[PDB]
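Engineer: My file is data.pdb. It has PDB, C-alpha atoms:
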```pdb
ATOM      1  CA  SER A 261      86.991  79.975  82.034  1.00  0.00           C
ATOM      2  CA  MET A 262      90.030  80.646  84.222  1.00  0.00           C
ATOM      3  CA  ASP A 263      90.321  84.431  84.461  1.00  0.00           C
ATOM      4  CA  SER A 264      91.768  87.067  86.792  1.00  0.00           C
ATOM      5  CA  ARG A 265      89.596  89.541  88.696  1.00  0.00           C
ATOM      6  CA  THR A 266      91.912  91.607  90.898  1.00  0.00           C
ATOM      7  CA  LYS A 267      93.588  95.021  90.942  1.00  0.00           C
ATOM      8  CA  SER A 268      96.775  94.074  92.791  1.00  0.00           C
ATOM      9  CA  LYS A 269      98.401  92.118  89.963  1.00  0.00           C
ATOM     10  CA  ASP A 270     101.850  91.895  88.374  1.00  0.00           C
ATOM     11  CA  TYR A 271     103.260  91.363  84.881  1.00  0.00           C
ATOM     12  CA  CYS A 272     106.698  90.359  83.597  1.00  0.00           C
ATOM     13  CA  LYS A 273     108.382  90.273  80.187  1.00  0.00           C
ATOM     14  CA  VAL A 274     110.175  87.078  79.165  1.00  0.00           C
ATOM     15  CA  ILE A 275     113.795  88.137  78.693  1.00  0.00           C
ATOM     16  CA  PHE A 276     114.965  84.617  77.857  1.00  0.00           C
ATOM     17  CA  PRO A 277     113.529  81.206  76.878  1.00  0.00           C
ATOM     18  CA  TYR A 278     112.718  78.489  79.413  1.00  0.00           C
ATOM     19  CA  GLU A 279     110.840  75.213  78.969  1.00  0.00           C
ATOM     20  CA  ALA A 280     108.907  73.799  81.925  1.00  0.00           C
ATOM     21  CA  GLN A 281     110.784  70.694  83.065  1.00  0.00           C
ATOM     22  CA  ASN A 282     107.449  69.448  84.401  1.00  0.00           C
ATOM     23  CA  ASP A 283     103.766  70.337  84.753  1.00  0.00           C
ATOM     24  CA  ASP A 284     104.757  71.981  88.036  1.00  0.00           C
ATOM     25  CA  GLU A 285     106.926  74.443  86.111  1.00  0.00           C
ATOM     26  CA  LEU A 286     105.908  77.060  83.545  1.00  0.00           C
ATOM     27  CA  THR A 287     107.252  77.460  80.009  1.00  0.00           C
ATOM     28  CA  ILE A 288     108.185  80.846  78.554  1.00  0.00           C
ATOM     29  CA  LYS A 289     109.717  82.132  75.318  1.00  0.00           C
ATOM     30  CA  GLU A 290     111.957  85.183  74.938  1.00  0.00           C
ATOM     31  CA  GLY A 291     109.886  88.180  73.887  1.00  0.00           C
ATOM     32  CA  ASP A 292     106.648  86.854  75.360  1.00  0.00           C
ATOM     33  CA  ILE A 293     104.886  88.240  78.432  1.00  0.00           C
ATOM     34  CA  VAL A 294     104.149  86.254  81.591  1.00  0.00           C
ATOM     35  CA  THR A 295     101.535  87.292  84.150  1.00  0.00           C
ATOM     36  CA  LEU A 296     102.975  87.135  87.667  1.00  0.00           C
ATOM     37  CA  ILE A 297     100.427  85.535  89.994  1.00  0.00           C
ATOM     38  CA  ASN A 298     102.495  84.401  92.976  1.00  0.00           C
ATOM     39  CA  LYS A 299     106.079  84.407  94.250  1.00  0.00           C
ATOM     40  CA  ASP A 300     107.853  81.347  95.645  1.00  0.00           C
ATOM     41  CA  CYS A 301     109.578  81.597  99.025  1.00  0.00           C
ATOM     42  CA  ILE A 302     112.136  78.841  99.589  1.00  0.00           C
ATOM     43  CA  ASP A 303     112.762  78.974  95.841  1.00  0.00           C
ATOM     44  CA  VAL A 304     115.046  82.015  95.771  1.00  0.00           C
ATOM     45  CA  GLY A 305     115.047  83.382  92.236  1.00  0.00           C
ATOM     46  CA  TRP A 306     111.748  81.784  91.248  1.00  0.00           C
ATOM     47  CA  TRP A 307     108.236  83.187  90.847  1.00  0.00           C
ATOM     48  CA  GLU A 308     104.806  81.772  90.011  1.00  0.00           C
ATOM     49  CA  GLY A 309     103.129  83.122  86.890  1.00  0.00           C
ATOM     50  CA  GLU A 310     100.869  82.233  83.971  1.00  0.00           C
ATOM     51  CA  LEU A 311     101.365  82.166  80.200  1.00  0.00           C
ATOM     52  CA  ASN A 312      99.263  80.917  77.286  1.00  0.00           C
ATOM     53  CA  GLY A 313      96.782  79.647  79.856  1.00  0.00           C
ATOM     54  CA  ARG A 314      99.486  77.721  81.694  1.00  0.00           C
ATOM     55  CA  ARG A 315     100.130  78.456  85.370  1.00  0.00           C
ATOM     56  CA  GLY A 316     103.401  77.359  86.946  1.00  0.00           C
ATOM     57  CA  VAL A 317     106.786  78.401  88.309  1.00  0.00           C
ATOM     58  CA  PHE A 318     109.774  79.912  86.503  1.00  0.00           C
ATOM     59  CA  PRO A 319     113.216  81.409  87.251  1.00  0.00           C
ATOM     60  CA  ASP A 320     113.018  85.147  87.919  1.00  0.00           C
ATOM     61  CA  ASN A 321     116.468  85.324  86.326  1.00  0.00           C
ATOM     62  CA  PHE A 322     114.779  84.580  82.998  1.00  0.00           C
ATOM     63  CA  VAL A 323     112.136  87.301  83.290  1.00  0.00           C
ATOM     64  CA  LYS A 324     111.879  91.074  83.694  1.00  0.00           C
ATOM     65  CA  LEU A 325     109.341  92.550  86.115  1.00  0.00           C
ATOM     66  CA  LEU A 326     107.354  95.332  84.449  1.00  0.00           C
ATOM     67  CA  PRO A 327     107.172  98.844  85.962  1.00  0.00           C
ATOM     68  CA  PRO A 328     104.388 100.107  88.264  1.00  0.00           C
ATOM     69  CA  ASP A 329     103.060 102.211  85.389  1.00  0.00           C
ATOM     70  CA  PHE A 330     102.747  99.409  82.835  1.00  0.00           C
ATOM     71  CA  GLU A 331      99.362  97.782  83.448  1.00  0.00           C
ATOM     72  CA  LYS A 332      97.726  95.528  80.857  1.00  0.00           C
ATOM     73  CA  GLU A 333      94.427  95.097  82.701  1.00  0.00           C
TER      74      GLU A 333
END
```
Any chance you could give the structure as C-alpha cells?

Structural biologist:
Amino acid sequence: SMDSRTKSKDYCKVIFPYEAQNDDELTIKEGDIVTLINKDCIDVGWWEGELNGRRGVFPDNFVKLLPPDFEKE
C-alpha cells in the first residue's frame, strides 16, 4: 500500500499530455493531476512525480506547479 505521509509535499496539474518513454519515465494526460515527489537535478526541466500509482520522471514544461494555498492532503 504505497502511500504518502508527509506535510512538505507538492502537487502539479498536467497542462499537456506526455507518455512515459520507459518505466523510468512517468505518463501524464492533459487535465490530470500529478503529485510532485522529487525534482531532478542534471535533468533541467524535469521533475519526479507520481500519477495513477505510477512514480517516475516527466518534463516540467508539460506540467503546472500548483500554488502554496492549493493542498489536496

Engineer: Looking at A:324, A:319, A:277, A:264, which one is nearest to residue 297 in chain A, with distances taken over only C-alpha atoms?

Structural biologist: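 When distances to residue 297 in chain A are compared using only C-alpha atoms, the smallest one comes from A:264.
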
Engineer: I need every residue sitting at most 9 Å from the point (104.6, 94.2, 85.2) (coordinates as in the file, all atoms listed in the file considered), written as a PDB file with C-alpha atoms, in the frame of the given file.

Structural biologist:
```pdb
ATOM      1  CA  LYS A 269      98.401  92.118  89.963  1.00  0.00           C
ATOM      2  CA  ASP A 270     101.850  91.895  88.374  1.00  0.00           C
ATOM      3  CA  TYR A 271     103.260  91.363  84.881  1.00  0.00           C
ATOM      4  CA  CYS A 272     106.698  90.359  83.597  1.00  0.00           C
ATOM      5  CA  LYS A 273     108.382  90.273  80.187  1.00  0.00           C
ATOM      6  CA  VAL A 294     104.149  86.254  81.591  1.00  0.00           C
ATOM      7  CA  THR A 295     101.535  87.292  84.150  1.00  0.00           C
ATOM      8  CA  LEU A 296     102.975  87.135  87.667  1.00  0.00           C
ATOM      9  CA  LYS A 324     111.879  91.074  83.694  1.00  0.00           C
ATOM     10  CA  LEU A 325     109.341  92.550  86.115  1.00  0.00           C
ATOM     11  CA  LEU A 326     107.354  95.332  84.449  1.00  0.00           C
ATOM     12  CA  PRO A 327     107.172  98.844  85.962  1.00  0.00           C
ATOM     13  CA  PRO A 328     104.388 100.107  88.264  1.00  0.00           C
ATOM     14  CA  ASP A 329     103.060 102.211  85.389  1.00  0.00           C
ATOM     15  CA  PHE A 330     102.747  99.409  82.835  1.00  0.00           C
ATOM     16  CA  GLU A 331      99.362  97.782  83.448  1.00  0.00           C
ATOM     17  CA  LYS A 332      97.726  95.528  80.857  1.00  0.00           C
TER      18      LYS A 332
END
```

Engineer: Please compute the CA of residue 307 in chain A-CA of residue 285 in chain A distance, one decimal, in Å.

Structural biologist: 10.0 Å

Engineer: I'd like the interatomic distance between CA of residue 322 in chain A and CA of residue 301 in chain A, to a tenth of an Å.

Structural biologist: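 Rounded to one decimal, the two atoms are 17.1 Å apart.
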
Engineer: Which neighbours of residue 292 in chain A fall inside 10 Å, counting all atoms listed in the file, when residues of the same chain fewer than 4 positions from it are skipped, and could you give them as a compact mmCIF listing (two decimals) with C-alpha atoms, in the frame of the given file?

Structural biologist:
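Saved file selection32.txt follows:
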```txt
# COMPACT_ATOMS: atom_id res chain seq x y z
CA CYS A 272 106.70 90.36 83.60
CA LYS A 273 108.38 90.27 80.19
CA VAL A 274 110.18 87.08 79.17
CA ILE A 275 113.80 88.14 78.69
CA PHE A 276 114.96 84.62 77.86
CA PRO A 277 113.53 81.21 76.88
CA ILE A 288 108.18 80.85 78.55
CA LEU A 311 101.36 82.17 80.20
CA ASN A 312 99.26 80.92 77.29
CA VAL A 323 112.14 87.30 83.29
```

Engineer: Give me the box for range 285-292 of chain A as AutoDock Vina command-line options, namely the centre and edge lengths in Å to one decimal of a box along x, y and z that holds every listed atom plus 8 Å on each side.

Structural biologist:
```
--center_x 108.9 --center_y 81.3 --center_z 80.0 --size_x 22.0 --size_y 29.7 --size_z 28.2
```

Engineer: Could you check the closest approach to residue 308 in chain A for each of A:333, A:284, A:263, A:290 and tell me which residue wins, using all atoms listed in the file?

Structural biologist: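 Once distances to residue 308 in chain A are computed over all atoms listed in the file, the minimum belongs to A:284.
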
Engineer: Using the chain letters and numbers from the file, which residues does the PyMOL selection byres ((chain A and resi 283) around 12) grab, as number ranges by chain?

Structural biologist: A: 279-282, 284-287, 314-318
